[PDB]
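For the record, the sequence lines run as chains K, o, r, N, 4, I, k and J.
If you read the first sequence in the authors' numbering, its first letter stands for residue 61, the second for the next number, and so on.
If you read the second sequence in the authors' numbering, its first letter stands for residue 23, the second for the next number, and so on.
When the letters of the third sequence are read in order and numbered with the authors' numbering, they come out as residues 35 to 41, 47 to 134, 146 to 196.
When the letters of the fourth sequence are read in order and numbered with the authors' numbering, they come out as residues 47 to 64, 70 to 131, 149 to 251.
If you read the fifth sequence in the authors' numbering, its first letter stands for residue 66, the second for the next number, and so on.
When the letters of the sixth sequence are read in order and numbered with the authors' numbering, they come out as residues 37 to 66, 77 to 196.
When the letters of the seventh sequence are read in order and numbered with the authors' numbering, they come out as residues 13 to 56, 61 to 96.
If you read the eighth sequence in the authors' numbering, its first letter stands for residue 18, the second for the next number, and so on.
Every residue gets a Cβ at the ideal spot worked out from N, C-alpha and C, and that includes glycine.
A short worksheet on the structure shown next.
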Amino acid sequence: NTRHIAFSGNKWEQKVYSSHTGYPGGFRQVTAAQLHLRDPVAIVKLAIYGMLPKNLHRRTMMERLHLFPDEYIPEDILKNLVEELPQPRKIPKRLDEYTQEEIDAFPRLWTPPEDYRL
Amino acid sequence: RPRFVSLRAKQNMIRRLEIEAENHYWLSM
Amino acid sequence: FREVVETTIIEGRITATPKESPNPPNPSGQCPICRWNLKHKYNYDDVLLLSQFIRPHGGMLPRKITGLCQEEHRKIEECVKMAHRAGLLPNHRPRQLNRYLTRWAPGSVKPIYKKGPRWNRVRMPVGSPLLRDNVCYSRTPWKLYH
Amino acid sequence: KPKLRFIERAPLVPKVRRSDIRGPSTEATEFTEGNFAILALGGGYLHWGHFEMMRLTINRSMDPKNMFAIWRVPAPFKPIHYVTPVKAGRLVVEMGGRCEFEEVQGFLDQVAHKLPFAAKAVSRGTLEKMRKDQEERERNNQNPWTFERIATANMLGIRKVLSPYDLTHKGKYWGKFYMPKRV
Amino acid sequence: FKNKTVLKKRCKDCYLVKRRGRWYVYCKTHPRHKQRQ
Amino acid sequence: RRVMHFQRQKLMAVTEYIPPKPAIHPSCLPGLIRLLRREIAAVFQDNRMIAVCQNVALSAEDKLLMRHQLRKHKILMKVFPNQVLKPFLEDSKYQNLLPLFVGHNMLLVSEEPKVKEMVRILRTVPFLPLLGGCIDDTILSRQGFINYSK
Amino acid sequence: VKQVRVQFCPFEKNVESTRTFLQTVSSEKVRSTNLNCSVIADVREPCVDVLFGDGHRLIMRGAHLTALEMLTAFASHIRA
Amino acid sequence: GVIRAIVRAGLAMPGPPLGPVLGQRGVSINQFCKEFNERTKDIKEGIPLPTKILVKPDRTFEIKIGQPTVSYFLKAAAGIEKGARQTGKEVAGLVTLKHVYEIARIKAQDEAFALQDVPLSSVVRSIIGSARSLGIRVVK
RNA sequence: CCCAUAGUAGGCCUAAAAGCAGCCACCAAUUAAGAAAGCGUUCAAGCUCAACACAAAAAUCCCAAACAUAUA
RNA sequence: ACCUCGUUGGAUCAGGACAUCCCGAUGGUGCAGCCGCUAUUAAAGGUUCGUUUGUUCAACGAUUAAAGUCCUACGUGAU
Ligand SMILES: [Mg+2]
Ligand SMILES: [Zn+2]
Ligand SMILES: [Zn+2]
Numbered sequence: 061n062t063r064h065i066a067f068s069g070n071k072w073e074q075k076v077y078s079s080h081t082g083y084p085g086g087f088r089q090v091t092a093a094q095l096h097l098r099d100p101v102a103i104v105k106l107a108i109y110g111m112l113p114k115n116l117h118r119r120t121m122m123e124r125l126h127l128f129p130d131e132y133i134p135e136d137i138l139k140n141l142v143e144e145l146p147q148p149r150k151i152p153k154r155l156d157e158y159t160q161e162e163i164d165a166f167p168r169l170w171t172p173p174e175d176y177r178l
Numbered sequence: 023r024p025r026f027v028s029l030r031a032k033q034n035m036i037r038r039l040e041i042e043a044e045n046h047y048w049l050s051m
Numbered sequence: 035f036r037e038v039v040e041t047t048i049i050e051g052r053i054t055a056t057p058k059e060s061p062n063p064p065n066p067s068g069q070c071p072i073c074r075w076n077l078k079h080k081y082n083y084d085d086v087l088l089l090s091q092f093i094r095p096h097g098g099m100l101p102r103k104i105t106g107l108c109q110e111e112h113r114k115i116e117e118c119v120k121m122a123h124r125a126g127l128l129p130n131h132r133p134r146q147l148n149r150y151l152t153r154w155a156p157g158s159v160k161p162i163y164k165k166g167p168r169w170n171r172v173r174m175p176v177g178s179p180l181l182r183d184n185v186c187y188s189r190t191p192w193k194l195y196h
Numbered sequence: 047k048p049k050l051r052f053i054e055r056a057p058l059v060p061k062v063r064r070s071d072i073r074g075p076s077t078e079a080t081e082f083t084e085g086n087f088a089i090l091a092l093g094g095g096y097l098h099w100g101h102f103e104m105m106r107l108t109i110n111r112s113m114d115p116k117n118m119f120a121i122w123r124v125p126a127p128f129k130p131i149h150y151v152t153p154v155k156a157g158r159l160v161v162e163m164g165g166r167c168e169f170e171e172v173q174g175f176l177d178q179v180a181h182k183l184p185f186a187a188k189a190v191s192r193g194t195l196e197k198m199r200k201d202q203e204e205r206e207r208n209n210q211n212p213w214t215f216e217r218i219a220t221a222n223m224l225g226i227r228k229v230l231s232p233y234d235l236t237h238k239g240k241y242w243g244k245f246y247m248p249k250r251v
Numbered sequence: 066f067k068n069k070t071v072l073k074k075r076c077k078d079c080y081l082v083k084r085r086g087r088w089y090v091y092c093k094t095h096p097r098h099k100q101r102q
Numbered sequence: 037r038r039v040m041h042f043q044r045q046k047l048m049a050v051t052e053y054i055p056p057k058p059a060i061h062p063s064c065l066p077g078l079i080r081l082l083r084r085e086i087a088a089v090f091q092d093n094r095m096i097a098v099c100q101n102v103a104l105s106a107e108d109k110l111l112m113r114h115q116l117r118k119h120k121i122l123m124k125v126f127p128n129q130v131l132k133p134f135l136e137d138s139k140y141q142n143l144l145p146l147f148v149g150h151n152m153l154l155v156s157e158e159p160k161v162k163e164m165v166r167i168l169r170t171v172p173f174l175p176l177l178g179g180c181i182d183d184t185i186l187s188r189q190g191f192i193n194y195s196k
Numbered sequence: 013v014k015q016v017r018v019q020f021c022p023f024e025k026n027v028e029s030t031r032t033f034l035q036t037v038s039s040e041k042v043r044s045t046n047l048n049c050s051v052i053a054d055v056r061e062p063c064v065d066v067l068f069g070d071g072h073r074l075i076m077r078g079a080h081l082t083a084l085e086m087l088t089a090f091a092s093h094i095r096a
Numbered sequence: 018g019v020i021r022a023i024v025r026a027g028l029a030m031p032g033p034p035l036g037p038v039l040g041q042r043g044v045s046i047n048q049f050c051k052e053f054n055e056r057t058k059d060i061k062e063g064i065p066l067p068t069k070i071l072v073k074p075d076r077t078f079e080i081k082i083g084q085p086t087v088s089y090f091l092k093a094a095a096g097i098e099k100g101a102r103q104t105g106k107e108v109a110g111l112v113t114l115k116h117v118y119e120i121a122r123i124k125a126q127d128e129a130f131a132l133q134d135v136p137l138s139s140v141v142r143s144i145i146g147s148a149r150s151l152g153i154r155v156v157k
């Protein structure tokens, strides 16, 4: 589900991924959103690549990384799977997801005037 | 290039200042 | 809450309106937030709190009507903006990149093509500075810029 | 003469002698026969052009029957051209008459921003208010450590970094610059 | 639009709006008053 | 400003002012006026019959003509602030007059009723309806005023 | 607009909405350009009727309503 | 629209003070001056007279006139032709309180001028203030 | 927010300059009132105020990766 | 505080900036259309040949949509 990552703040629009083809005029600067639309794996891949130590083991380590944009995973990889790590960020619930019992449990904070359009 | 003062640096300086104030007190008698 | 109904003839009927829950923890306070002891204990994701000050289509309600403080009205407005941009109010809408804690409207920020040197880095704002005084449960202060 | 009198570019008879920029000003720090003024929030040098533009911009939006403006700084005398030294806290131009502070606030702020050094448009009430709130700051600060205390006691051996003038300036005045927020 | 460091409404119909990240003075009656921060 | 020695910068940072912090927010914690008073007090006894209208939709010239036609009679038209008129009702003990004066209100104080001709004049302008008044401490609605006129 | 009739009972419980409505819209400042209208104010919960000679009658029970709502409704109906 | 003029009854056709100022709305100068001369005959001749002409949208004339001016009237009562320069110290003629009351008797009667105040004080104070602003001393 | 009747275009001169060319008093009606603090008219006319009322940059290619709330 | 005076282009190939000379998109205009002027955005592309001068330049001639301002150790002389 690397396609469904979430950036905090305006990083989708402000974070810029820079690359150079090596040729003159080959400098490319692409925002996080554009890079995500192009490759739904590049953002997580690049974050991991940057966090790994900058030595000759890094690309071997990246060979053990398997990124999949969606819920689909190849069968052999799925059979290899051993453990699932807890998600680092707990996803906040939407009102559409909250149960009526929870809404009732949460108190009403104020008395709205009856003669109000709202 | 400019340099900036961190909270850790401020805390270190404050620790030193507290030691010096206690030195003042113990030298006052 | 009065609602206008048409048939042309139009008339306004006052319907059922919710009331403040019984037994406020701190009665006789300025704002509902002070009355219920929530001065620095809500965030952008507390939709149950935030939606109580929201028009059915997502807009904020005026401070005069809500009774909120000026600072608390600003905090609620910004938290509601962040909740909307994070998609936590799917039903409070006028009629795909996941986000959260987005201070600015997505279409109004420019890409940071030239982040500065280390001493003058252009940082990406995260969250809102209005919530800077919230309760701190972490050893390090939460960063407003990334 | 309810107007800013023209000042000579240079004194007729040069004077031999009698850093005039660093530190607080000692003279003309208080209102004298005026109600509003321009206060210098930092030291600097006033040129003849600066004086001429002061006079022009003051006498332009001027009501001689209701406003009278006077200088507090003498004519450019220090040779370099001739200039006048000004220290922080020195009043530059004073005003008085049957008038209210907002009547002059606009162009006083404009001319203060015109001034080469930091400057402010200050009434008698505003000057008293800022002095009183500065006293309140230095009386109610919750910091146990003050520049004055540390410098005087030579805590941390800080006088190796500080100046002898820092002991008297108490950290508020650093060079020609003045830091009113600095308690 | 005219680029101004400080935005000043000129007539009554000049209104300040923060759009696309920056402040503007728009005006229906006098488009000459259009200002951009 | 030239760069300070870093030790001096640390000193300034450590000696920065710290404002006192209250535990609980105080915010979130708990002669024209007398001239009008005396003039309205005197008027309440001077007038015998009183009426009120909403003379605001009229132009300057139309209001001037209306004032001229009223001054043709002994009736005098008045405008006074509701902000100060609300205390006047309870001061003069006019309880039924509270739900009568809100927004624009123009009094028509008089002692001789030319209300027949005033209503006739108002008829040619199909707006500005008559509002209930209270003659000599006796409230009269619009129907009561019409009956009194007839 | 062809005709408009405004009725209210300030003798009974007051309704400032229709009062402000008639003070603002039922003014010659508007009628100067809206000369085609004939306004009548018959005072005795309230009721604002508007007759258009073409096909329309608009009845406003402006008891719970307010001045802004009724002005906007009137403008929308005028636009038609 | 209302057009305000302070023309003298003697010279009914001074020229520029009437022609261009009235021709913008569309007027008949012949009829206007004829009615002005009719009012001049109805009243004393050779004295400035304020007018209250209202040019109706139907292009018709309704000239309204009343008492003469106040400045010239006071100057004539004091035997003065040209007003004083300073008007704070200069004086040429003195008018007694009895004369002020006598001239005020026939003053609070016009409709357009709005001098309709019932009390004598409301008019006497205004005329005394006007005389004081002019170069006339109020005796006793 | 709302709009501002009128003694009188207040007079001196100023072709007229009336509130806007200038100086002199700066009164007065209703209830509320500047012989006007600012636009525009040769001058008027038209408009507001007040009064009632309710900040920045540059040249080979941006430059750790990233992160807002787990116990100090 | 007297006088004086203390490596450079060109050719070739160009890389880059945008503070845009032209081409693109807009706002305003004391522009009715044509236009001009001004401002925002835009660096993908383009940006001439000659006479005198060693000219670094400059002037002139003829053009051009335009004949941009610069940085690159004259950018570049083991070409
Ligand atoms: Mg550009
Ligand atoms: Zn405008
Ligand atoms: Zn509160």
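Tell me whether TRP75 (chain r) sits in a helix, a strand or coil according to DSSP, three-state version.
In the three-state DSSP reduction, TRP75 (chain r) falls in the coil class, being neither helix nor strand.
Below 6 Å from a heavy atom of ligand 2 - residues by beta-carbon:
Counting only heavy atoms of ligand 2, the residues whose C-beta sits closer than 6 Å to one of them are, along the chain, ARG75 (chain 4), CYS76 (chain 4), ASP78 (chain 4), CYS79 (chain 4), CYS92 (chain 4), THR94 (chain 4), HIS95 (chain 4) and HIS98 (chain 4).
Closer than 7 Å between beta carbons: that is the criterion. Which residues of the stretch 160-175 of chain r meet it against chain o?
Flagged, chain order: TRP169.
Burial state of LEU88 (chain r) (16 or more Cβ within 10 Å):
Under a 10 Å Cβ-count criterion, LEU88 (chain r) is classified as buried, with 16 or more other Cβ atoms of the shown protein chains found around its own Cβ.
Using the beta-carbon count (16 or more within 10 Å), is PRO148 (chain K) buried or exposed?
Flag for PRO148 (chain K) reads exposed.
Using a Cβ cut-off of 9 Å (strictly closer), state whether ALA53 (chain k) contacts chain I.
Yes, its Cβ sits closer than 9 Å to a Cβ of chain I.
With DSSP as the reference, label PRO159 (chain I) as helix, strand or coil.
DSSP places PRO159 (chain I) in coil when its eight states are reduced to three.
Residues around ligand 3, please: the ones whose beta-carbon is closer than 5 Å to some heavy atom of it, in chain order.
Those satisfying the condition are, in chain order, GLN69 (chain r), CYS70 (chain r), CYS73 (chain r), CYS108 (chain r) and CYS64 (chain I).
Could you tell me which chain I residues have their CB closer than 7 Å to the CB of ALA31 (chain o), listed as they occur along the chain?
Simply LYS46.
Can you round the beta-carbon distance between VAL156 (chain J) and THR113 (chain J) to whole angstroms, since I take them to be within the 8 Å contact cut?
Between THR113 (chain J) and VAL156 (chain J) the Cβ distance is about 5 Å, and since that is below 8 Å, they are a contact.
Of the residues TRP170 (chain K), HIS64 (chain K), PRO134 (chain K) and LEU127 (chain K), which one's Cα is nearest the Cα of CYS73 (chain r)?
Checked all of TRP170 (chain K), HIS64 (chain K), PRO134 (chain K) and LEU127 (chain K); the closest Cα to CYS73 (chain r) is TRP170 (chain K).
Can you list the residues of chain r that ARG85 (chain 4) reaches, using a CB-CB cut of under 8 Å?
Residues of chain r passing the Cβ test: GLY157 and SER158.
Please confirm if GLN129 (chain I) has its CB atom under 9 Å from at least one CB of chain k.
For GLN129 (chain I), the answer is no, since every Cβ of chain k falls outside 9 Å of its Cβ.
Can you tell me which of the three DSSP states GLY95 (chain N) falls into?
In this structure, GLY95 (chain N) counts as strand in the three-state DSSP scheme.
If we call anything under 9 Å between Cβ atoms a contact, is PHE20 (chain k) one with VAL51 (chain k)?
Going by C-beta atoms, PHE20 (chain k) is not nearer than 9 Å to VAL51 (chain k).
List, in order along the chain, the chain o residues whose C-beta lies closer than 7 Å to that of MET223 (chain N)?
Residues of chain o passing the Cβ test: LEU39 and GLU42.
Through-space distance from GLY164 (chain N) to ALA87 (chain I), alpha-carbon basis:
Here the C-alpha atom of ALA87 (chain I) lies approximately 44 Å from the C-alpha atom of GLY164 (chain N).
Check whether the Cβ atoms of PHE173 (chain I) and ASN151 (chain I) lie closer than 9 Å to each other.
Their beta carbons are not under 9 Å apart, which means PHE173 (chain I) does not touch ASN151 (chain I) by this criterion.
Could you give the residue range of the alpha helix (DSSP H) that holds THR57 (chain J)?
First-last of the alpha helix (DSSP H) with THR57 (chain J): 46-59.
Measure the Cβ-Cβ separation of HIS98 (chain N) and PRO127 (chain N) and say whether it is below 9 Å.
Yes, these two residues count as a Cβ contact at 9 Å.
Member of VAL171 (chain I), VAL148 (chain I), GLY149 (chain I) and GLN141 (chain I) whose CA lies at the smallest distance from the CA of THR184 (chain I):
When only C-alpha atoms are compared, the closest one is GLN141 (chain I).
Neighbour-count burial assignment, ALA103 (chain I), 16 or more Cβ in a 10 Å radius:
Counting C-beta atoms within 10 angstroms of its own C-beta, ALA103 (chain I) has 16 or more neighbours from the protein chains shown and is therefore classed as buried.
First and last residue of the uninterrupted beta strand (DSSP E) at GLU40 (chain r)
The continuous beta strand (DSSP E) containing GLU40 (chain r) extends over residues 36-40.
Assuming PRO95 (chain r) contacts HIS131 (chain r) under a Cβ cut-off of 8 Å, what Cβ separation, rounded to an integer in Å, is found between them?
At roughly 7 Å, the Cβ-Cβ gap stays under 8 Å, so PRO95 (chain r) and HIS131 (chain r) are in contact.
For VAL161 (chain N), list the residues DSSP reports as bridge partners.
According to DSSP, which records beta bridges pairwise, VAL161 (chain N) is partnered with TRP122 (chain N).
N-terminal and C-terminal residue of the beta strand (DSSP E) that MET76 (chain k) is part of:
From DSSP, the beta strand (DSSP E) with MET76 (chain k) extends over 72-77.
Taking all protein chains shown into account, do 16 or more other C-beta atoms lie within 10 angstroms of the C-beta of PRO71 (chain r), making it buried, or fewer, making it exposed?
Its Cβ being crowded by 16 or more others within 10 Å, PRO71 (chain r) is buried.
Please look up how many angstroms separate the CB atoms of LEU87 (chain k) and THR36 (chain k), rounded, as I've assumed it's under 8 Å.
Yes, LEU87 (chain k) and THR36 (chain k) are in contact; Cβ-Cβ is about 7 Å, under 8 Å.
Could you give the DSSP three-state label for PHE128 (chain K): helix, strand or coil?
Of the three classes helix, strand and coil, the one that applies to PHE128 (chain K) here is coil, per DSSP.
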